[PDB]
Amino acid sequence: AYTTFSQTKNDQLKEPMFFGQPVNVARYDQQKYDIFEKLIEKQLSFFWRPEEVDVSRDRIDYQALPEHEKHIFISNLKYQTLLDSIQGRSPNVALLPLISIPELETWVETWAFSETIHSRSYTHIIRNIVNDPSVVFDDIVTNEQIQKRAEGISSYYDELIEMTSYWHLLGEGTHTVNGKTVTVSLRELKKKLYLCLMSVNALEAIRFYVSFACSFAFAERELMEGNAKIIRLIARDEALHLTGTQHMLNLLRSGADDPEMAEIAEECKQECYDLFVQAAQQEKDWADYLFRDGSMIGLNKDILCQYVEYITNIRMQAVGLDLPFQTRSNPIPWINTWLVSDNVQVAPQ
């Protein structure tokens, strides 16, 4: 049921964001939602290449770090690489076959592409600070703590992709597959999508910002400054990405785009709340792993956990969910130095 060029001449201004007629002609003279056109333009203006940044000095700083500080830095580096290894391919694979307006389609491709720059930038950093990069890259797959977060995050994508394939192949209804019952419901599929986006919003708006704090904390000590130059650029992008999903989510639940989605979004408003909280807690437990062997000047388990609650409360309200944590001010106000850009608001407000 999916076609790379649907032959029907539809009015793309009146198509839903998702599950409508697949996009035929890619045109940018008009939009249903101009936010996605604005994101594309912003992302394109932000285009950067990793090797523009000298990370040489960072090798010296890294070697001079005490073991536990090495542990902190590299564990964080490995987590980021994992998250954007997923963000590199997944928006394309999971969302493209479902999008039905051109501006959203292009934004997703631009988004995913910008993630591949992020993944490349980690390779730039890793090769430059360790002797054998294979050890690091191999740990990313077999590290028990990292692996746990990978499995959870990738499942929201995988379940959406698999249910999508059934839908394209079988259409809605109840079917017989090798003598088993496979029930295809557009309503269920719409739900898998909504949760996936909520999940991805948490990934980019919370999980990554928790990681940025660890990076900039090094930069505050005037260490790993090349890495921090790069994280600044990544963070500036990340602010575009999370804005993207905040608008998809908010447009979906408002009923403005698709009325059935508004109902579905309320049906699982609890599930999304729970999803977010599970992410916030997983990041708190991650803080535990980072600082198991000790902390450093300016950052520790306690402080980072406060930032998690802080940042979580902000992202959740932005997508119309209830705050799960005590109202708290920013525990690390110095981070906003690093989360700055004259073209987009990187720092959470």
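Note that residue numbering follows the sequence shown and begins at 1.
Enquirer: Select between 148-156 and 119-127 the stretch whose C-alpha atoms have the higher average B-factor in the entry.
Expert: It is 148-156 that shows the higher mean C-alpha B-factor.
Enquirer: Averaging CA B factors per stretch from the PDB record, which one is higher: 77-85 or 260-268?
Expert: The deposited B-factors put 260-268 ahead on the C-alpha mean.
Enquirer: Check the PDB entry and point out which of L203, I234, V108, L170 has the largest C-alpha temperature factor.
Expert: Reading the PDB entry, the winner on C-alpha B-factor is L170.
Enquirer: According to the Cα B-factor stored in this entry, which of the following is highest: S215, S90, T243, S134?
Expert: Of the candidates given, the C-alpha B-factor peaks at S134.
Enquirer: What third of the chain, by the recorded C-alpha B-factor, contains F208?
Expert: For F208, the deposited C-alpha B-factor lands in the lowest third.
Enquirer: Among all modelled residues of this chain, ranked by Cα B factor, put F113 in the bottom, middle or top third, i.e. lowest, middle or highest.
Expert: For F113, the deposited C-alpha B-factor lands in the lowest third.
Enquirer: Going by the CA temperature factor in the PDB record, which third of the chain does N227 belong to: lowest, middle or highest?
Expert: Tercile = lowest for this residue's CA B-factor.
Enquirer: Where does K191 sit by CA temperature factor within its chain: lowest, middle or highest third?
Expert: It belongs to the highest third of the chain when residues are ordered by C-alpha B-factor.
Enquirer: Lowest, middle or highest third: where is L104 by C-alpha B factor in its chain?
Expert: As the PDB entry reports it, the C-alpha B-factor of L104 lands in the lowest third of its chain.
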